[PDB]
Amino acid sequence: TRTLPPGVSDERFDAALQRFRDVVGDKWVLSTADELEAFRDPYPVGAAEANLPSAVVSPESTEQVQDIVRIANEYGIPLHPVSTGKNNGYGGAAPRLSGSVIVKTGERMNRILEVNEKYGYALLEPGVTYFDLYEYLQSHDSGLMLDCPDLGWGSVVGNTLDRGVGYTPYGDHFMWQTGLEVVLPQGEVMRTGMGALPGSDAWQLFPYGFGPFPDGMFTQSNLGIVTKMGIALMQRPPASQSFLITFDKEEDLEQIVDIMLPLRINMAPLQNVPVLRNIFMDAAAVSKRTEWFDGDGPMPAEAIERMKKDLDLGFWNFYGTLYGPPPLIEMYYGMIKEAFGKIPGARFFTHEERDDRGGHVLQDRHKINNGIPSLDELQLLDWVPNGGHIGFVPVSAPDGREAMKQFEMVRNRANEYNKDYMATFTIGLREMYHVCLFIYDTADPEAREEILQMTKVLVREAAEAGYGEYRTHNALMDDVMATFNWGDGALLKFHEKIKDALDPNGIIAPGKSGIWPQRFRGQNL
């Protein structure tokens, strides 16, 4: 059946579509079933269809965004704004609320507005991808570098707006975001920070401006449609070196984390974001599951040992990058070798020593950690046929016993739902992430349903242990928000009040982060 916005008739939707065409042009409104297939979640969760877009609208300008938002208010049409819509693992471009119209800002709002070499920043529209920005920097012989997530095809803006992350010293994208322009839910436009001061040259220099600081309220949010965003860009160091440390035993995790923290908290000698990937992650990056095991159920111990030996990797594989003059790199690498060398069985490899099959991940991290965008990690999805993933990422204290607890409890449930445990432990400065990716056959309804049910259990069990997630998929947003319920659900009640005040007609991305406007609240959508 044709996908319609909730409460909106075929005829009223057709009227709204024509109003959108009048704003953006006929070819920039998509509403046929075949056209919309490409905007469904590529990695669907649950057997049942969910998260169905009713249309896609591609505006060319801020003023067009304002007009789209005004039309949506008049007709009661929910809008799901995206930049590039590559939020794969968390829903892709698909809306939380079925029937919503996707506003694909990045299709035509794709300009690099400014790159400032001296102060080190960019001012971007949503359609600038990491590859686009890297191409600009390279072609202009920039002394700046970007900070990219594992895949380069997403949006510098869109990624930041979901509090996405990379792995250089500038890996906290929201931290380095500086200034934004946003269309609020009834169509008015606002600039944050020094952008609110007409004529200021400091929109991308000083984030806070004057008065209450609002920019974080537009991340993981449904309070507007962002049209411009600034971000600081780090100067490229004179040299860099990447390294891999393999650790042979599953149980080494405890000691690895307990050494990682003191080496990272002062930003030296671990200068970049530490990443500790398990053998399943690294094998999936370079091989298919059937190279190792073609049977039913969890991978047996003998097959895991074959992965390790054939790829010359450990159960846990640490990747880091060092920056600066050669003497500084040498000093820091010596400190890291001395410290992690206390773990029996640790072995060390630099990016210049190892470029075999098993070292493909090291070479990829060397690119990523130097702001060179990549799509090599798409090979993960070849682990099984029709591969897709969901991301499950609890936050905790950077404590080795806490890490072991999380490793074991997540792997136990993964085994029970017939999913491989693919995980990375990372530390920011003082916090730990358990970055779990679950890869499955997206064409199998049973596997889809298992992913949904397993991850609901993982969310609950993590919360029972005092862990909450930093980001989640459409299918889990209500459940994750429900875990943040100190003080009888005070946080969500606060967000709801703000949502209803800014969005009285309940238009923007209803249900994002579990935050529903009044007209949809308590309706099991």
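The first residue of the shown sequence is 1; numbering continues from there.
Mean CA temperature factor is higher for 356-364 when stretches 116-124 and 356-364 are set side by side in the entry. Set 164-172 against 347-355 and average the Cα temperature factors; 347-355 ends up higher. Highest CA B-factor among the listed residues (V459, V57, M481, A33): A33. Out of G179, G85, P185, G295, it is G295 whose C-alpha atom has the highest B-factor in the PDB entry. Sorting the modelled residues of the chain by their CA temperature factor places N73 in the middle third. Among the modelled residues of its chain, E446 has a C-alpha B-factor that falls in the highest third, as given in the PDB entry. The PDB entry assigns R289 a C-alpha temperature factor belonging to the middle third of its chain's modelled residues.
The entry lists a Cα temperature factor for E377 that places it in the middle third of the chain's modelled residues. Among all modelled residues in this chain, the alpha-carbon of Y467 has a temperature factor (C-alpha) in the middle third.
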